[PDB]
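**Student:** Structure: target-v6.pdb, PDB, C-alpha atoms.
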```
ATOM      1  CA  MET L   1     172.893 -89.960 -11.724  1.00  0.00           C
ATOM      2  CA  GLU L   2     169.449 -88.525 -12.589  1.00  0.00           C
ATOM      3  CA  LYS L   3     167.387 -89.011  -9.399  1.00  0.00           C
ATOM      4  CA  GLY L   4     164.445 -87.173 -11.024  1.00  0.00           C
ATOM      5  CA  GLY L   5     162.253 -86.743  -7.915  1.00  0.00           C
ATOM      6  CA  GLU L   6     158.992 -85.617  -9.564  1.00  0.00           C
ATOM      7  CA  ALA L   7     156.436 -88.399  -8.854  1.00  0.00           C
ATOM      8  CA  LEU L   8     153.416 -86.228  -7.898  1.00  0.00           C
ATOM      9  CA  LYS L   9     155.216 -83.419  -6.040  1.00  0.00           C
ATOM     10  CA  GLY L  10     154.174 -79.775  -6.583  1.00  0.00           C
ATOM     11  CA  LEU L  11     150.548 -80.739  -5.814  1.00  0.00           C
ATOM     12  CA  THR L  12     148.477 -80.216  -2.645  1.00  0.00           C
ATOM     13  CA  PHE L  13     145.826 -82.613  -1.274  1.00  0.00           C
ATOM     14  CA  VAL L  14     143.105 -81.653   1.254  1.00  0.00           C
ATOM     15  CA  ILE L  15     140.860 -84.057   3.201  1.00  0.00           C
ATOM     16  CA  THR L  16     137.261 -82.988   3.920  1.00  0.00           C
ATOM     17  CA  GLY L  17     137.263 -83.376   7.718  1.00  0.00           C
ATOM     18  CA  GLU L  18     138.128 -87.091   7.474  1.00  0.00           C
ATOM     19  CA  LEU L  19     136.786 -88.320   4.098  1.00  0.00           C
ATOM     20  CA  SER L  20     135.042 -91.077   6.181  1.00  0.00           C
ATOM     21  CA  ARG L  21     138.204 -93.201   6.503  1.00  0.00           C
ATOM     22  CA  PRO L  22     141.794 -93.096   7.911  1.00  0.00           C
ATOM     23  CA  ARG L  23     143.010 -89.789   6.434  1.00  0.00           C
ATOM     24  CA  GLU L  24     146.142 -89.835   8.645  1.00  0.00           C
ATOM     25  CA  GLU L  25     147.598 -93.052   7.171  1.00  0.00           C
ATOM     26  CA  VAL L  26     147.241 -91.943   3.527  1.00  0.00           C
ATOM     27  CA  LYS L  27     148.483 -88.478   4.590  1.00  0.00           C
ATOM     28  CA  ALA L  28     151.496 -90.024   6.370  1.00  0.00           C
ATOM     29  CA  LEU L  29     152.518 -91.490   2.995  1.00  0.00           C
ATOM     30  CA  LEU L  30     151.578 -88.349   1.013  1.00  0.00           C
ATOM     31  CA  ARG L  31     154.181 -86.233   2.865  1.00  0.00           C
ATOM     32  CA  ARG L  32     156.680 -89.053   2.244  1.00  0.00           C
ATOM     33  CA  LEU L  33     155.777 -88.666  -1.453  1.00  0.00           C
ATOM     34  CA  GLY L  34     157.204 -85.106  -1.268  1.00  0.00           C
ATOM     35  CA  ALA L  35     153.769 -83.625  -2.121  1.00  0.00           C
ATOM     36  CA  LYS L  36     152.068 -81.409   0.500  1.00  0.00           C
ATOM     37  CA  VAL L  37     148.573 -81.800   2.019  1.00  0.00           C
ATOM     38  CA  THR L  38     145.997 -79.663   3.879  1.00  0.00           C
ATOM     39  CA  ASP L  39     142.558 -79.848   5.546  1.00  0.00           C
ATOM     40  CA  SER L  40     140.954 -76.436   4.895  1.00  0.00           C
ATOM     41  CA  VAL L  41     139.883 -74.288   1.908  1.00  0.00           C
ATOM     42  CA  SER L  42     140.494 -70.580   1.239  1.00  0.00           C
ATOM     43  CA  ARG L  43     141.701 -70.428  -2.399  1.00  0.00           C
ATOM     44  CA  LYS L  44     145.281 -71.734  -2.781  1.00  0.00           C
ATOM     45  CA  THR L  45     143.860 -75.151  -1.771  1.00  0.00           C
ATOM     46  CA  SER L  46     140.890 -76.448  -3.838  1.00  0.00           C
ATOM     47  CA  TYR L  47     142.628 -79.837  -4.119  1.00  0.00           C
ATOM     48  CA  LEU L  48     141.209 -82.949  -2.373  1.00  0.00           C
ATOM     49  CA  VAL L  49     142.156 -86.657  -2.504  1.00  0.00           C
ATOM     50  CA  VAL L  50     139.059 -88.662  -3.522  1.00  0.00           C
ATOM     51  CA  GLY L  51     139.631 -92.003  -1.722  1.00  0.00           C
ATOM     52  CA  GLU L  52     136.347 -93.245  -0.177  1.00  0.00           C
ATOM     53  CA  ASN L  53     133.030 -93.203  -2.096  1.00  0.00           C
ATOM     54  CA  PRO L  54     130.320 -91.866   0.292  1.00  0.00           C
ATOM     55  CA  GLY L  55     133.103 -90.029   2.152  1.00  0.00           C
ATOM     56  CA  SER L  56     132.300 -86.593   3.617  1.00  0.00           C
ATOM     57  CA  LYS L  57     134.488 -85.381   0.728  1.00  0.00           C
ATOM     58  CA  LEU L  58     131.261 -85.469  -1.342  1.00  0.00           C
ATOM     59  CA  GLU L  59     131.224 -81.732  -0.532  1.00  0.00           C
ATOM     60  CA  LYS L  60     134.623 -80.785  -2.037  1.00  0.00           C
ATOM     61  CA  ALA L  61     134.913 -84.031  -4.053  1.00  0.00           C
ATOM     62  CA  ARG L  62     131.705 -83.264  -5.996  1.00  0.00           C
ATOM     63  CA  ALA L  63     132.450 -79.502  -6.183  1.00  0.00           C
ATOM     64  CA  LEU L  64     129.942 -77.508  -8.268  1.00  0.00           C
ATOM     65  CA  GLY L  65     132.948 -75.666  -9.751  1.00  0.00           C
ATOM     66  CA  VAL L  66     135.862 -76.397  -7.387  1.00  0.00           C
ATOM     67  CA  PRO L  67     138.558 -78.795  -8.739  1.00  0.00           C
ATOM     68  CA  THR L  68     139.032 -82.147  -6.932  1.00  0.00           C
ATOM     69  CA  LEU L  69     142.222 -84.254  -7.248  1.00  0.00           C
ATOM     70  CA  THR L  70     141.618 -87.971  -7.918  1.00  0.00           C
ATOM     71  CA  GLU L  71     143.360 -89.950  -5.143  1.00  0.00           C
ATOM     72  CA  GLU L  72     143.972 -92.673  -7.765  1.00  0.00           C
ATOM     73  CA  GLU L  73     146.762 -90.593  -9.366  1.00  0.00           C
ATOM     74  CA  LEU L  74     148.251 -90.263  -5.860  1.00  0.00           C
ATOM     75  CA  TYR L  75     147.972 -94.046  -5.406  1.00  0.00           C
ATOM     76  CA  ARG L  76     149.695 -94.584  -8.784  1.00  0.00           C
ATOM     77  CA  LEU L  77     152.849 -92.414  -8.573  1.00  0.00           C
ATOM     78  CA  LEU L  78     153.027 -93.619  -4.939  1.00  0.00           C
ATOM     79  CA  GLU L  79     153.615 -97.289  -5.845  1.00  0.00           C
ATOM     80  CA  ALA L  80     155.242 -96.302  -9.179  1.00  0.00           C
ATOM     81  CA  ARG L  81     157.705 -94.380  -6.948  1.00  0.00           C
ATOM     82  CA  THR L  82     157.761 -96.527  -3.783  1.00  0.00           C
ATOM     83  CA  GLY L  83     158.307 -99.780  -5.717  1.00  0.00           C
ATOM     84  CA  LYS L  84     156.428-101.763  -3.036  1.00  0.00           C
ATOM     85  CA  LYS L  85     152.849-102.361  -1.816  1.00  0.00           C
ATOM     86  CA  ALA L  86     151.485 -99.360   0.129  1.00  0.00           C
ATOM     87  CA  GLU L  87     149.662-101.762   2.483  1.00  0.00           C
ATOM     88  CA  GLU L  88     152.821-103.873   3.010  1.00  0.00           C
ATOM     89  CA  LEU L  89     150.641-107.020   3.253  1.00  0.00           C
ATOM     90  CA  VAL L  90     147.602-108.399   1.323  1.00  0.00           C
ATOM     91  CA  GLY L  91     149.630-110.989  -0.645  1.00  0.00           C
ATOM     92  CA  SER L  92     150.299-111.051  -4.410  1.00  0.00           C
TER      93      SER L  92
END
```
Can the structure in the file be given as structure tokens, please?
**Tutor:**
Amino acid sequence: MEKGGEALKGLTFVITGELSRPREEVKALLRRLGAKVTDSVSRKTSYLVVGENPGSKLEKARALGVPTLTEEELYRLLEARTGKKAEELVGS
């Protein structure tokens, strides 16, 4: 009876321009995860998904004070909540 519904919701994720990779695919699953996402910074944001390495996110992902959100946590609760591979392929 307890559906819970609290994977990683209540958090926002912003993508610096494009992070240097497909930010629409990961964002298409983020919304499905209940959590919200953005692509700008004014104050209420200050949350970015660190996926790539040399991604353009190096600006908000490095942040000399701003807080960045590890995309790993998003990748965890995603599978830990989806119960299936996020790629839907690869193998085993």
**Student:** Pull out every residue that the PyMOL selection byres ((chain L and resi 1-10) around 9) matches in the shown coordinates and put them as a PyMOL selection string.
**Tutor:** chain L and resi 11-12+33-36+73-74+77-78+80-81
**Student:** Using the chain letters and numbering of this document, enumerate as a list in words the residues selected by the PyMOL selection byres ((chain L and resi 86) around 12).
**Tutor:**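 Here the PyMOL selection byres ((chain L and resi 86) around 12) matches residues 25, 26, 28, 29, 30, 32, 33, 74, 75, 76, 77, 78, 79, 80, 81, 82, 83, 84, 85, 87, 88, 89, 90 and 91 of chain L.
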**Student:** So, counting all atoms listed in the file, which residue among L:15, L:64, L:69, L:58 is closest to residue 38 (chain L)?
**Tutor:**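 Closest residue, counting all atoms listed in the file: L:15.
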**Student:** May I ask for the distance between CA of residue 45 (chain L) and CA of residue 21 (chain L), given in Å to one decimal place?
**Tutor:**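 For CA of residue 45 (chain L) relative to CA of residue 21 (chain L), the distance reads 20.6 Å.
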**Student:** Smallest atom-to-atom distance to residue 22 (chain L): which of L:46, L:55, L:37, L:62, using all atoms listed in the file?
**Tutor:**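 Distance minimum relative to residue 22 (chain L) lands on L:55.
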**Student:** For a test of reading the model, state the distance in Å between CA of residue 63 (chain L) and CA of residue 39 (chain L), rounded to one decimal.
**Tutor:** 15.5 Å
**Student:** Would you work out the distance separating CA of residue 70 (chain L) from CA of residue 13 (chain L), expressed in Å to one decimal?
**Tutor:**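 Computing it gives 9.5 Å between the two atoms.
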**Student:** The PyMOL selection byres ((chain L and resi 57) around 8) - which residues does that actually catch in the file I just gave you? List them as a JSON list (two decimals) with C-alpha atoms, in the frame of the given file.
**Tutor:**
```
[["chain", "number", "residue", "atom", "x", "y", "z"],
["L", 15, "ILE", "CA", 140.86, -84.06, 3.20],
["L", 16, "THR", "CA", 137.26, -82.99, 3.92],
["L", 17, "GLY", "CA", 137.26, -83.38, 7.72],
["L", 18, "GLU", "CA", 138.13, -87.09, 7.47],
["L", 19, "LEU", "CA", 136.79, -88.32, 4.10],
["L", 20, "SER", "CA", 135.04, -91.08, 6.18],
["L", 48, "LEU", "CA", 141.21, -82.95, -2.37],
["L", 50, "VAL", "CA", 139.06, -88.66, -3.52],
["L", 54, "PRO", "CA", 130.32, -91.87, 0.29],
["L", 55, "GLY", "CA", 133.10, -90.03, 2.15],
["L", 56, "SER", "CA", 132.30, -86.59, 3.62],
["L", 58, "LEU", "CA", 131.26, -85.47, -1.34],
["L", 59, "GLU", "CA", 131.22, -81.73, -0.53],
["L", 60, "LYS", "CA", 134.62, -80.78, -2.04],
["L", 61, "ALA", "CA", 134.91, -84.03, -4.05],
["L", 62, "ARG", "CA", 131.71, -83.26, -6.00]]
```
**Student:** Calculated over all atoms listed in the file, which of the candidates L:66, L:31, L:92, L:71 has the smallest distance to residue 44 (chain L)?
**Tutor:**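 Distance minimum relative to residue 44 (chain L) lands on L:66.
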